[PDB]
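Q: My structure file final-v3.cif, mmCIF, N, CA and C atoms, is below:
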```
data_upload
loop_
_atom_site.label_atom_id
_atom_site.label_comp_id
_atom_site.auth_asym_id
_atom_site.auth_seq_id
_atom_site.Cartn_x
_atom_site.Cartn_y
_atom_site.Cartn_z
N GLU A 2 -9.55 -5.84 -8.55
CA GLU A 2 -9.18 -4.68 -9.41
C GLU A 2 -8.16 -3.79 -8.71
N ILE A 3 -8.26 -3.72 -7.39
CA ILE A 3 -7.32 -2.95 -6.59
C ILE A 3 -6.07 -3.83 -6.54
N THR A 4 -6.22 -5.06 -7.03
CA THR A 4 -5.15 -6.04 -7.02
C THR A 4 -4.11 -5.97 -8.14
N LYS A 5 -4.48 -5.46 -9.30
CA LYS A 5 -3.50 -5.37 -10.38
C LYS A 5 -2.65 -4.10 -10.22
N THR A 6 -3.12 -3.21 -9.36
CA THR A 6 -2.43 -1.97 -9.09
C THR A 6 -1.40 -2.20 -8.00
N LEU A 7 -1.87 -2.73 -6.88
CA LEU A 7 -1.02 -2.99 -5.74
C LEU A 7 0.12 -3.95 -6.04
N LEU A 8 -0.11 -4.93 -6.90
CA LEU A 8 0.92 -5.93 -7.18
C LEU A 8 1.83 -5.64 -8.35
N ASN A 9 1.73 -4.42 -8.89
CA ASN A 9 2.60 -3.99 -9.99
C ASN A 9 3.11 -2.58 -9.66
N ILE A 10 4.41 -2.44 -9.43
CA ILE A 10 4.97 -1.15 -9.10
C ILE A 10 4.65 -0.02 -10.11
N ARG A 11 4.66 -0.32 -11.42
CA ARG A 11 4.39 0.69 -12.44
C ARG A 11 3.00 1.29 -12.30
N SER A 12 2.01 0.44 -12.11
CA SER A 12 0.64 0.92 -11.96
C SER A 12 0.48 1.59 -10.60
N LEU A 13 1.10 1.01 -9.59
CA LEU A 13 0.98 1.57 -8.25
C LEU A 13 1.56 2.98 -8.24
N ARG A 14 2.70 3.14 -8.89
CA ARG A 14 3.41 4.42 -9.03
C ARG A 14 2.54 5.46 -9.77
N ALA A 15 1.93 5.05 -10.89
CA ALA A 15 1.06 5.93 -11.66
C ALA A 15 -0.16 6.36 -10.81
N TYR A 16 -0.82 5.39 -10.17
CA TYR A 16 -1.95 5.72 -9.31
C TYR A 16 -1.50 6.63 -8.14
N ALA A 17 -0.32 6.36 -7.59
CA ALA A 17 0.25 7.13 -6.48
C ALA A 17 0.38 8.64 -6.75
N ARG A 18 0.45 9.04 -8.03
CA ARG A 18 0.58 10.46 -8.36
C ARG A 18 -0.64 11.25 -7.86
N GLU A 19 -1.76 10.60 -7.69
CA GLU A 19 -2.89 11.36 -7.20
C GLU A 19 -2.89 11.54 -5.65
N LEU A 20 -1.79 11.21 -4.99
CA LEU A 20 -1.77 11.25 -3.53
C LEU A 20 -0.55 12.00 -3.12
N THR A 21 -0.59 12.56 -1.91
CA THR A 21 0.55 13.31 -1.42
C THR A 21 1.42 12.35 -0.64
N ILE A 22 2.64 12.76 -0.35
CA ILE A 22 3.55 11.91 0.38
C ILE A 22 3.02 11.57 1.75
N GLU A 23 2.30 12.50 2.37
CA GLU A 23 1.71 12.24 3.67
C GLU A 23 0.61 11.21 3.51
N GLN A 24 -0.24 11.35 2.48
CA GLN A 24 -1.31 10.36 2.27
C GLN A 24 -0.69 8.99 1.98
N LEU A 25 0.38 8.96 1.23
CA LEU A 25 1.06 7.70 0.91
C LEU A 25 1.61 7.05 2.18
N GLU A 26 2.08 7.86 3.11
CA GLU A 26 2.61 7.35 4.36
C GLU A 26 1.45 6.80 5.19
N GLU A 27 0.27 7.41 5.05
CA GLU A 27 -0.89 6.90 5.79
C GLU A 27 -1.34 5.55 5.21
N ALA A 28 -1.33 5.43 3.89
CA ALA A 28 -1.77 4.20 3.23
C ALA A 28 -0.83 3.08 3.63
N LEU A 29 0.44 3.43 3.77
CA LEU A 29 1.45 2.46 4.16
C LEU A 29 1.19 1.97 5.60
N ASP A 30 0.88 2.88 6.50
CA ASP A 30 0.60 2.48 7.87
C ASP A 30 -0.60 1.59 7.91
N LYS A 31 -1.64 1.96 7.17
CA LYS A 31 -2.83 1.12 7.15
C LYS A 31 -2.51 -0.27 6.60
N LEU A 32 -1.92 -0.34 5.42
CA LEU A 32 -1.57 -1.63 4.83
C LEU A 32 -0.68 -2.43 5.81
N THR A 33 0.24 -1.74 6.47
CA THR A 33 1.10 -2.39 7.44
C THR A 33 0.20 -2.98 8.53
N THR A 34 -0.83 -2.26 8.92
CA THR A 34 -1.69 -2.76 9.98
C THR A 34 -2.42 -4.07 9.58
N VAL A 35 -3.00 -4.08 8.38
CA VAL A 35 -3.73 -5.22 7.86
C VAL A 35 -2.81 -6.43 7.80
N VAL A 36 -1.65 -6.25 7.19
CA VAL A 36 -0.67 -7.34 7.09
C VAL A 36 -0.32 -7.93 8.45
N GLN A 37 -0.08 -7.07 9.44
CA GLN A 37 0.29 -7.51 10.78
C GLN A 37 -0.82 -8.23 11.51
N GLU A 38 -2.06 -7.81 11.28
CA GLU A 38 -3.20 -8.45 11.92
C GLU A 38 -3.42 -9.81 11.28
N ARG A 39 -2.99 -9.95 10.03
CA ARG A 39 -3.11 -11.22 9.33
C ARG A 39 -1.99 -12.19 9.70
N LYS A 40 -0.91 -11.68 10.28
CA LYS A 40 0.19 -12.53 10.70
C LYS A 40 -0.10 -13.04 12.11
N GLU A 41 -0.61 -12.15 12.95
CA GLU A 41 -0.96 -12.47 14.33
C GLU A 41 -2.04 -13.53 14.30
N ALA A 42 -2.83 -13.49 13.24
CA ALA A 42 -3.93 -14.40 13.04
C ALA A 42 -3.52 -15.79 12.49
N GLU A 43 -2.48 -15.86 11.71
CA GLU A 43 -2.04 -17.15 11.16
C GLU A 43 -1.24 -17.94 12.17
N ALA A 44 -0.69 -17.25 13.17
CA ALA A 44 0.11 -17.91 14.19
C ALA A 44 -0.70 -18.52 15.32
N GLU A 45 -1.87 -17.95 15.62
CA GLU A 45 -2.71 -18.52 16.67
C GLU A 45 -3.49 -19.63 15.95
N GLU A 46 -3.07 -19.87 14.71
CA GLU A 46 -3.70 -20.86 13.84
C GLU A 46 -2.71 -21.96 13.45
N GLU B 2 -10.91 5.63 -5.99
CA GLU B 2 -11.39 4.25 -5.74
C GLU B 2 -10.37 3.43 -4.95
N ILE B 3 -9.12 3.44 -5.41
CA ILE B 3 -8.10 2.70 -4.70
C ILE B 3 -7.77 3.54 -3.49
N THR B 4 -7.93 4.84 -3.62
CA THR B 4 -7.63 5.79 -2.54
C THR B 4 -8.48 5.53 -1.33
N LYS B 5 -9.74 5.22 -1.60
CA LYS B 5 -10.68 4.98 -0.53
C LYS B 5 -10.52 3.60 0.09
N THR B 6 -9.89 2.70 -0.66
CA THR B 6 -9.65 1.36 -0.18
C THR B 6 -8.39 1.41 0.67
N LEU B 7 -7.38 2.13 0.18
CA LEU B 7 -6.11 2.22 0.90
C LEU B 7 -6.18 3.15 2.10
N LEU B 8 -6.94 4.24 1.97
CA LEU B 8 -7.05 5.24 3.03
C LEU B 8 -8.11 4.96 4.09
N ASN B 9 -8.80 3.84 3.93
CA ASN B 9 -9.81 3.46 4.91
C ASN B 9 -9.54 2.04 5.38
N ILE B 10 -9.05 1.94 6.61
CA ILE B 10 -8.66 0.68 7.23
C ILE B 10 -9.71 -0.41 7.14
N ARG B 11 -10.97 -0.01 7.27
CA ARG B 11 -12.10 -0.92 7.19
C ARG B 11 -12.24 -1.57 5.80
N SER B 12 -12.23 -0.74 4.75
CA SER B 12 -12.38 -1.21 3.38
C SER B 12 -11.14 -1.95 2.93
N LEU B 13 -9.99 -1.42 3.31
CA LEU B 13 -8.72 -2.04 2.95
C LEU B 13 -8.68 -3.45 3.54
N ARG B 14 -9.14 -3.57 4.79
CA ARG B 14 -9.16 -4.85 5.48
C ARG B 14 -10.04 -5.91 4.79
N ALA B 15 -11.16 -5.48 4.23
CA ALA B 15 -12.06 -6.41 3.56
C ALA B 15 -11.36 -6.95 2.33
N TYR B 16 -10.85 -6.03 1.52
CA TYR B 16 -10.15 -6.42 0.30
C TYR B 16 -9.03 -7.41 0.58
N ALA B 17 -8.25 -7.13 1.62
CA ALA B 17 -7.12 -7.95 1.98
C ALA B 17 -7.53 -9.40 2.23
N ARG B 18 -8.76 -9.62 2.65
CA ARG B 18 -9.21 -10.99 2.91
C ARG B 18 -9.19 -11.87 1.68
N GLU B 19 -9.13 -11.24 0.51
CA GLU B 19 -9.07 -11.94 -0.76
C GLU B 19 -7.61 -12.28 -1.13
N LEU B 20 -6.66 -11.68 -0.44
CA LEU B 20 -5.26 -11.93 -0.75
C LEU B 20 -4.60 -12.91 0.23
N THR B 21 -3.48 -13.46 -0.18
CA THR B 21 -2.69 -14.39 0.63
C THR B 21 -1.76 -13.48 1.41
N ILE B 22 -1.26 -13.96 2.54
CA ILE B 22 -0.34 -13.16 3.33
C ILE B 22 0.88 -12.81 2.45
N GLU B 23 1.31 -13.74 1.62
CA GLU B 23 2.46 -13.51 0.74
C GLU B 23 2.14 -12.44 -0.29
N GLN B 24 0.93 -12.48 -0.82
CA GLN B 24 0.51 -11.49 -1.80
C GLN B 24 0.44 -10.16 -1.06
N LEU B 25 -0.01 -10.22 0.19
CA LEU B 25 -0.12 -9.03 1.03
C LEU B 25 1.24 -8.41 1.36
N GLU B 26 2.23 -9.24 1.67
CA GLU B 26 3.58 -8.76 1.96
C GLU B 26 4.22 -8.21 0.70
N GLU B 27 3.92 -8.83 -0.43
CA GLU B 27 4.42 -8.37 -1.72
C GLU B 27 3.88 -6.96 -1.99
N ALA B 28 2.59 -6.78 -1.72
CA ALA B 28 1.94 -5.49 -1.90
C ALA B 28 2.57 -4.49 -0.96
N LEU B 29 2.80 -4.87 0.29
CA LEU B 29 3.38 -3.94 1.24
C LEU B 29 4.78 -3.52 0.80
N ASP B 30 5.55 -4.46 0.24
CA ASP B 30 6.89 -4.10 -0.19
C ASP B 30 6.87 -3.16 -1.37
N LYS B 31 5.95 -3.39 -2.32
CA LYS B 31 5.86 -2.51 -3.49
C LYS B 31 5.47 -1.10 -3.07
N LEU B 32 4.43 -0.95 -2.25
CA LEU B 32 4.03 0.36 -1.77
C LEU B 32 5.14 1.07 -0.98
N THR B 33 5.93 0.31 -0.24
CA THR B 33 7.05 0.85 0.51
C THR B 33 8.04 1.44 -0.49
N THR B 34 8.34 0.71 -1.55
CA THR B 34 9.28 1.19 -2.56
C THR B 34 8.78 2.43 -3.30
N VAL B 35 7.47 2.51 -3.52
CA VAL B 35 6.91 3.69 -4.17
C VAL B 35 7.02 4.91 -3.25
N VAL B 36 6.76 4.70 -1.97
CA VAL B 36 6.84 5.78 -1.01
C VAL B 36 8.29 6.24 -0.91
N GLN B 37 9.22 5.32 -1.09
CA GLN B 37 10.64 5.65 -1.03
C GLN B 37 11.09 6.39 -2.27
N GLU B 38 10.64 5.93 -3.44
CA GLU B 38 10.99 6.57 -4.72
C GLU B 38 10.40 7.99 -4.74
N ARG B 39 9.19 8.16 -4.23
CA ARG B 39 8.63 9.50 -4.15
C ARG B 39 9.39 10.51 -3.22
N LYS B 40 9.76 10.07 -2.03
CA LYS B 40 10.51 10.93 -1.09
C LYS B 40 11.83 11.35 -1.77
N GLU B 41 12.54 10.35 -2.28
CA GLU B 41 13.80 10.55 -2.97
C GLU B 41 13.65 11.36 -4.25
N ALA B 42 12.41 11.46 -4.75
CA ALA B 42 12.17 12.21 -5.97
C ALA B 42 11.99 13.68 -5.64
N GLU B 43 11.76 13.93 -4.33
CA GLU B 43 11.50 15.25 -3.84
C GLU B 43 12.70 15.97 -3.26
N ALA B 44 13.78 15.24 -3.02
CA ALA B 44 15.00 15.83 -2.47
C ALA B 44 15.77 16.49 -3.60
N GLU B 45 15.49 16.04 -4.81
CA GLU B 45 16.15 16.54 -6.02
C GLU B 45 15.41 17.69 -6.71
N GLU B 46 14.20 17.97 -6.24
CA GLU B 46 13.44 19.10 -6.78
C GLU B 46 13.78 20.21 -5.81
N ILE B 47 14.43 19.81 -4.72
CA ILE B 47 14.85 20.69 -3.63
C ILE B 47 16.30 21.16 -3.79
N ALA B 48 17.24 20.22 -3.68
CA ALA B 48 18.66 20.55 -3.81
C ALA B 48 18.97 21.13 -5.19
N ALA B 49 18.08 20.85 -6.14
CA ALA B 49 18.23 21.34 -7.51
C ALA B 49 17.35 22.56 -7.75
#
```
What is this structure when it is put down as structure tokens?
A:
Amino acid sequence: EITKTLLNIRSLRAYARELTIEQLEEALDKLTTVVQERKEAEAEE
Amino acid sequence: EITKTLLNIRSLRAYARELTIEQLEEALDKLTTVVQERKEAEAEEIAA
């Protein structure tokens, strides 16, 4: 369910209105972290 | 709901396990673009 939002800019943008630019920057850092840990993980694989 | 998933590294990480790295990179790019559209949306409420 968090998946139809994240993968569609229109919905992501609408949901994003409930967050501040600083919170959005934090969500980005977190998501960046998850993605990177998943790349480090596919390579030792 | 999505706020708590995105704003909490632990919960966000669990959810991500259901996605493919490609789906994950796609998500990261979309969120990056939203963060960019928002910043750029704020320079015009300023200069204007």
Q: Chain A residues within 7 Å of chain B, counting only N, CA and C atoms: which ones, as a PDB file with N, CA and C atoms, in the coordinates of the input?
A:
```pdb
ATOM      1  N   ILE A   3      -8.260  -3.720  -7.390  1.00  0.00           N
ATOM      2  CA  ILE A   3      -7.320  -2.950  -6.590  1.00  0.00           C
ATOM      3  C   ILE A   3      -6.070  -3.830  -6.540  1.00  0.00           C
ATOM      4  N   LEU A   7      -1.870  -2.730  -6.880  1.00  0.00           N
ATOM      5  CA  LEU A   7      -1.020  -2.990  -5.740  1.00  0.00           C
ATOM      6  C   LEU A   7       0.120  -3.950  -6.040  1.00  0.00           C
ATOM      7  N   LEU A   8      -0.110  -4.930  -6.900  1.00  0.00           N
ATOM      8  CA  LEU A   8       0.920  -5.930  -7.180  1.00  0.00           C
ATOM      9  C   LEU A   8       1.830  -5.640  -8.350  1.00  0.00           C
ATOM     10  N   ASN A   9       1.730  -4.420  -8.890  1.00  0.00           N
ATOM     11  CA  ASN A   9       2.600  -3.990  -9.990  1.00  0.00           C
ATOM     12  C   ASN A   9       3.110  -2.580  -9.660  1.00  0.00           C
ATOM     13  N   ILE A  10       4.410  -2.440  -9.430  1.00  0.00           N
ATOM     14  CA  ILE A  10       4.970  -1.150  -9.100  1.00  0.00           C
ATOM     15  C   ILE A  10       4.650  -0.020 -10.110  1.00  0.00           C
ATOM     16  N   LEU A  13       1.100   1.010  -9.590  1.00  0.00           N
ATOM     17  CA  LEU A  13       0.980   1.570  -8.250  1.00  0.00           C
ATOM     18  C   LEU A  13       1.560   2.980  -8.240  1.00  0.00           C
ATOM     19  N   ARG A  14       2.700   3.140  -8.890  1.00  0.00           N
ATOM     20  CA  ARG A  14       3.410   4.420  -9.030  1.00  0.00           C
ATOM     21  C   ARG A  14       2.540   5.460  -9.770  1.00  0.00           C
ATOM     22  N   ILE A  22       2.640  12.760  -0.350  1.00  0.00           N
ATOM     23  CA  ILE A  22       3.550  11.910   0.380  1.00  0.00           C
ATOM     24  C   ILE A  22       3.020  11.570   1.750  1.00  0.00           C
ATOM     25  N   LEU A  25       0.380   8.960   1.230  1.00  0.00           N
ATOM     26  CA  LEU A  25       1.060   7.700   0.910  1.00  0.00           C
ATOM     27  C   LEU A  25       1.610   7.050   2.180  1.00  0.00           C
ATOM     28  N   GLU A  26       2.080   7.860   3.110  1.00  0.00           N
ATOM     29  CA  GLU A  26       2.610   7.350   4.360  1.00  0.00           C
ATOM     30  C   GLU A  26       1.450   6.800   5.190  1.00  0.00           C
ATOM     31  N   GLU A  27       0.270   7.410   5.050  1.00  0.00           N
ATOM     32  CA  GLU A  27      -0.890   6.900   5.790  1.00  0.00           C
ATOM     33  C   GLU A  27      -1.340   5.550   5.210  1.00  0.00           C
ATOM     34  N   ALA A  28      -1.330   5.430   3.890  1.00  0.00           N
ATOM     35  CA  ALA A  28      -1.770   4.200   3.230  1.00  0.00           C
ATOM     36  C   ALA A  28      -0.830   3.080   3.630  1.00  0.00           C
ATOM     37  N   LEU A  29       0.440   3.430   3.770  1.00  0.00           N
ATOM     38  CA  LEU A  29       1.450   2.460   4.160  1.00  0.00           C
ATOM     39  C   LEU A  29       1.190   1.970   5.600  1.00  0.00           C
ATOM     40  N   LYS A  31      -1.640   1.960   7.170  1.00  0.00           N
ATOM     41  CA  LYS A  31      -2.830   1.120   7.150  1.00  0.00           C
ATOM     42  C   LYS A  31      -2.510  -0.270   6.600  1.00  0.00           C
ATOM     43  N   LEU A  32      -1.920  -0.340   5.420  1.00  0.00           N
ATOM     44  CA  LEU A  32      -1.570  -1.630   4.830  1.00  0.00           C
ATOM     45  C   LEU A  32      -0.680  -2.430   5.810  1.00  0.00           C
ATOM     46  N   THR A  33       0.240  -1.740   6.470  1.00  0.00           N
ATOM     47  CA  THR A  33       1.100  -2.390   7.440  1.00  0.00           C
ATOM     48  C   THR A  33       0.200  -2.980   8.530  1.00  0.00           C
ATOM     49  N   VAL A  35      -3.000  -4.080   8.380  1.00  0.00           N
ATOM     50  CA  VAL A  35      -3.730  -5.220   7.860  1.00  0.00           C
ATOM     51  C   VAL A  35      -2.810  -6.430   7.800  1.00  0.00           C
ATOM     52  N   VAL A  36      -1.650  -6.250   7.190  1.00  0.00           N
ATOM     53  CA  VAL A  36      -0.670  -7.340   7.090  1.00  0.00           C
ATOM     54  C   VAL A  36      -0.320  -7.930   8.450  1.00  0.00           C
ATOM     55  N   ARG A  39      -2.990  -9.950  10.030  1.00  0.00           N
ATOM     56  CA  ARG A  39      -3.110 -11.220   9.330  1.00  0.00           C
ATOM     57  C   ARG A  39      -1.990 -12.190   9.700  1.00  0.00           C
TER      58      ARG A  39
END
```
Q: Running DSSP on the backbone, which parts of chain A land in helix (DSSP H, G or I), as a PyMOL selection string?
A: chain A and resi 4-7+10-17+22-44
Q: Could you please determine the separation between atom N of residue 43 in chain A and atom C of residue 23 in chain A in Å, to one decimal place?
A: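 Distance reported for this atom pair: 28.5 Å.
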Q: Render range 8-43 of chain B from the structure in the preceding block as a file of N, CA and C atoms, as a PDB file, in the first residue's frame.
A:
```pdb
ATOM      1  N   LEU B   8       9.734   7.817   7.642  1.00  0.00           N
ATOM      2  CA  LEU B   8      10.494   8.510   8.682  1.00  0.00           C
ATOM      3  C   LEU B   8      11.114   7.614   9.737  1.00  0.00           C
ATOM      4  N   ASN B   9      10.909   6.313   9.596  1.00  0.00           N
ATOM      5  CA  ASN B   9      11.494   5.373  10.534  1.00  0.00           C
ATOM      6  C   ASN B   9      12.261   4.309   9.758  1.00  0.00           C
ATOM      7  N   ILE B  10      13.584   4.414   9.829  1.00  0.00           N
ATOM      8  CA  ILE B  10      14.512   3.543   9.112  1.00  0.00           C
ATOM      9  C   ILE B  10      14.226   2.058   9.273  1.00  0.00           C
ATOM     10  N   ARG B  11      13.809   1.686  10.478  1.00  0.00           N
ATOM     11  CA  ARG B  11      13.477   0.308  10.805  1.00  0.00           C
ATOM     12  C   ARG B  11      12.256  -0.211  10.010  1.00  0.00           C
ATOM     13  N   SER B  12      11.161   0.558  10.030  1.00  0.00           N
ATOM     14  CA  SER B  12       9.938   0.176   9.341  1.00  0.00           C
ATOM     15  C   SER B  12      10.104   0.290   7.843  1.00  0.00           C
ATOM     16  N   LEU B  13      10.784   1.340   7.414  1.00  0.00           N
ATOM     17  CA  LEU B  13      11.029   1.559   5.994  1.00  0.00           C
ATOM     18  C   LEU B  13      11.822   0.376   5.451  1.00  0.00           C
ATOM     19  N   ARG B  14      12.811  -0.067   6.225  1.00  0.00           N
ATOM     20  CA  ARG B  14      13.654  -1.194   5.827  1.00  0.00           C
ATOM     21  C   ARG B  14      12.880  -2.512   5.647  1.00  0.00           C
ATOM     22  N   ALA B  15      11.880  -2.740   6.482  1.00  0.00           N
ATOM     23  CA  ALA B  15      11.098  -3.962   6.391  1.00  0.00           C
ATOM     24  C   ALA B  15      10.315  -3.925   5.090  1.00  0.00           C
ATOM     25  N   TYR B  16       9.607  -2.831   4.879  1.00  0.00           N
ATOM     26  CA  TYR B  16       8.817  -2.674   3.667  1.00  0.00           C
ATOM     27  C   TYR B  16       9.649  -2.895   2.413  1.00  0.00           C
ATOM     28  N   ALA B  17      10.838  -2.295   2.395  1.00  0.00           N
ATOM     29  CA  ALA B  17      11.728  -2.381   1.259  1.00  0.00           C
ATOM     30  C   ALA B  17      12.045  -3.822   0.884  1.00  0.00           C
ATOM     31  N   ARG B  18      12.019  -4.718   1.855  1.00  0.00           N
ATOM     32  CA  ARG B  18      12.319  -6.124   1.561  1.00  0.00           C
ATOM     33  C   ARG B  18      11.355  -6.750   0.586  1.00  0.00           C
ATOM     34  N   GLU B  19      10.193  -6.112   0.415  1.00  0.00           N
ATOM     35  CA  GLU B  19       9.173  -6.568  -0.516  1.00  0.00           C
ATOM     36  C   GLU B  19       9.429  -6.015  -1.928  1.00  0.00           C
ATOM     37  N   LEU B  20      10.307  -5.039  -2.041  1.00  0.00           N
ATOM     38  CA  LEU B  20      10.589  -4.446  -3.347  1.00  0.00           C
ATOM     39  C   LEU B  20      11.886  -4.955  -3.971  1.00  0.00           C
ATOM     40  N   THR B  21      12.021  -4.760  -5.265  1.00  0.00           N
ATOM     41  CA  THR B  21      13.201  -5.150  -6.024  1.00  0.00           C
ATOM     42  C   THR B  21      14.109  -3.933  -5.923  1.00  0.00           C
ATOM     43  N   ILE B  22      15.410  -4.138  -6.102  1.00  0.00           N
ATOM     44  CA  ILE B  22      16.329  -3.016  -6.043  1.00  0.00           C
ATOM     45  C   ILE B  22      15.921  -1.984  -7.114  1.00  0.00           C
ATOM     46  N   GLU B  23      15.473  -2.456  -8.266  1.00  0.00           N
ATOM     47  CA  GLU B  23      15.056  -1.566  -9.349  1.00  0.00           C
ATOM     48  C   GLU B  23      13.815  -0.783  -8.948  1.00  0.00           C
ATOM     49  N   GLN B  24      12.888  -1.456  -8.278  1.00  0.00           N
ATOM     50  CA  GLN B  24      11.672  -0.793  -7.828  1.00  0.00           C
ATOM     51  C   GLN B  24      12.100   0.212  -6.767  1.00  0.00           C
ATOM     52  N   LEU B  25      13.088  -0.179  -5.965  1.00  0.00           N
ATOM     53  CA  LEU B  25      13.619   0.683  -4.911  1.00  0.00           C
ATOM     54  C   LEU B  25      14.318   1.930  -5.461  1.00  0.00           C
ATOM     55  N   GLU B  26      15.104   1.773  -6.525  1.00  0.00           N
ATOM     56  CA  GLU B  26      15.785   2.898  -7.156  1.00  0.00           C
ATOM     57  C   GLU B  26      14.771   3.802  -7.840  1.00  0.00           C
ATOM     58  N   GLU B  27      13.730   3.201  -8.401  1.00  0.00           N
ATOM     59  CA  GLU B  27      12.663   3.959  -9.045  1.00  0.00           C
ATOM     60  C   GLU B  27      11.983   4.843  -7.994  1.00  0.00           C
ATOM     61  N   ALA B  28      11.724   4.256  -6.823  1.00  0.00           N
ATOM     62  CA  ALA B  28      11.099   4.972  -5.725  1.00  0.00           C
ATOM     63  C   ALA B  28      12.025   6.086  -5.280  1.00  0.00           C
ATOM     64  N   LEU B  29      13.313   5.807  -5.163  1.00  0.00           N
ATOM     65  CA  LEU B  29      14.244   6.836  -4.717  1.00  0.00           C
ATOM     66  C   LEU B  29      14.284   7.993  -5.716  1.00  0.00           C
ATOM     67  N   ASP B  30      14.217   7.677  -7.011  1.00  0.00           N
ATOM     68  CA  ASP B  30      14.249   8.756  -7.990  1.00  0.00           C
ATOM     69  C   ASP B  30      13.008   9.607  -7.936  1.00  0.00           C
ATOM     70  N   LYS B  31      11.842   8.974  -7.758  1.00  0.00           N
ATOM     71  CA  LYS B  31      10.587   9.732  -7.687  1.00  0.00           C
ATOM     72  C   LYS B  31      10.590  10.658  -6.470  1.00  0.00           C
ATOM     73  N   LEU B  32      10.939  10.147  -5.294  1.00  0.00           N
ATOM     74  CA  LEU B  32      11.003  10.972  -4.098  1.00  0.00           C
ATOM     75  C   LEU B  32      12.013  12.118  -4.239  1.00  0.00           C
ATOM     76  N   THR B  33      13.115  11.871  -4.933  1.00  0.00           N
ATOM     77  CA  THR B  33      14.121  12.892  -5.183  1.00  0.00           C
ATOM     78  C   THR B  33      13.464  14.005  -6.001  1.00  0.00           C
ATOM     79  N   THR B  34      12.732  13.645  -7.045  1.00  0.00           N
ATOM     80  CA  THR B  34      12.077  14.634  -7.892  1.00  0.00           C
ATOM     81  C   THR B  34      11.009  15.437  -7.145  1.00  0.00           C
ATOM     82  N   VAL B  35      10.306  14.794  -6.215  1.00  0.00           N
ATOM     83  CA  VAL B  35       9.307  15.504  -5.420  1.00  0.00           C
ATOM     84  C   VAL B  35       9.985  16.511  -4.491  1.00  0.00           C
ATOM     85  N   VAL B  36      11.090  16.100  -3.893  1.00  0.00           N
ATOM     86  CA  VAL B  36      11.824  16.967  -2.990  1.00  0.00           C
ATOM     87  C   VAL B  36      12.364  18.150  -3.787  1.00  0.00           C
ATOM     88  N   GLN B  37      12.704  17.911  -5.046  1.00  0.00           N
ATOM     89  CA  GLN B  37      13.227  18.970  -5.903  1.00  0.00           C
ATOM     90  C   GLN B  37      12.127  19.924  -6.338  1.00  0.00           C
ATOM     91  N   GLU B  38      10.972  19.379  -6.723  1.00  0.00           N
ATOM     92  CA  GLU B  38       9.821  20.195  -7.145  1.00  0.00           C
ATOM     93  C   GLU B  38       9.354  21.045  -5.955  1.00  0.00           C
ATOM     94  N   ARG B  39       9.339  20.476  -4.764  1.00  0.00           N
ATOM     95  CA  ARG B  39       8.983  21.271  -3.588  1.00  0.00           C
ATOM     96  C   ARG B  39       9.947  22.457  -3.244  1.00  0.00           C
ATOM     97  N   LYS B  40      11.244  22.218  -3.282  1.00  0.00           N
ATOM     98  CA  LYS B  40      12.233  23.277  -3.013  1.00  0.00           C
ATOM     99  C   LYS B  40      12.025  24.404  -4.039  1.00  0.00           C
ATOM    100  N   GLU B  41      11.993  24.010  -5.310  1.00  0.00           N
ATOM    101  CA  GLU B  41      11.794  24.935  -6.413  1.00  0.00           C
ATOM    102  C   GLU B  41      10.427  25.607  -6.378  1.00  0.00           C
ATOM    103  N   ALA B  42       9.498  25.035  -5.596  1.00  0.00           N
ATOM    104  CA  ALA B  42       8.170  25.607  -5.503  1.00  0.00           C
ATOM    105  C   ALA B  42       8.156  26.704  -4.449  1.00  0.00           C
ATOM    106  N   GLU B  43       9.226  26.689  -3.627  1.00  0.00           N
ATOM    107  CA  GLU B  43       9.357  27.600  -2.531  1.00  0.00           C
ATOM    108  C   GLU B  43      10.207  28.828  -2.812  1.00  0.00           C
TER     109      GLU B  43
END
```
